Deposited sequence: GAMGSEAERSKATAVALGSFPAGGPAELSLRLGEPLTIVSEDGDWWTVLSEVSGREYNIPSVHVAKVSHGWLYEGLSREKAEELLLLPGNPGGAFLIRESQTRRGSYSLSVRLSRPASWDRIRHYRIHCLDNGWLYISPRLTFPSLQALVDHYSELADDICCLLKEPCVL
């Protein structure tokens, strides 16, 4: 349901799966699902996850960090809500055999004022689930077929 984003403060690290115990303002209480240890951490150091690939509070930079962890093949992907906008998202997908200076490709997921979502205006979707479904099988309009969700 949640993931640690950085070193804190024997310690948590990026990608570590979490269980949220309390959300008291900008400080959350979490449990690591590998060590069981309890942590009192700033909310900004944690990302919420739903649908196995939908992240909240995950920056563009931290998304690259997550996707670039070992064990993520080419096509590994996630969707992250914009930290600037509302129901606006970005698709981040690991590139296959990339050069070191461009290993991750980000696509804006446009949401019209009508609530439908798309990367290419020719192909619109009623939900992120429908979008991921589609691009897991057909992805000619983008760089990469969506293979697997980012590890954890």
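Stretches of the deposited sequence left without coordinates are 1-12, 22-27, in sequence order.
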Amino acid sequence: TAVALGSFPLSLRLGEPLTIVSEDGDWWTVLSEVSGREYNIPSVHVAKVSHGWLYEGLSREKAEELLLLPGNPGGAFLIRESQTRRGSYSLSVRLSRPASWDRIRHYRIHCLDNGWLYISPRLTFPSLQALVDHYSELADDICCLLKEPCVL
From here on, numbers count along this sequence of modelled residues.
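Taking only CA atoms, the mean B-factor in the PDB entry is higher for 24-32 than for the other of 24-32 and 118-126. Of the two segments, 82-90 and 98-106, the one listed with the higher mean B-factor is 82-90 (C-alpha atoms only). If you compare the C-alpha temperature factors of 145, 5, 152, 2 in the entry, 152 comes out highest. Highest CA B-factor among the listed residues (69, 111, 47, 41): 111.
Residue 140 sits in the highest third of its chain by CA B factor, as recorded in the PDB entry.
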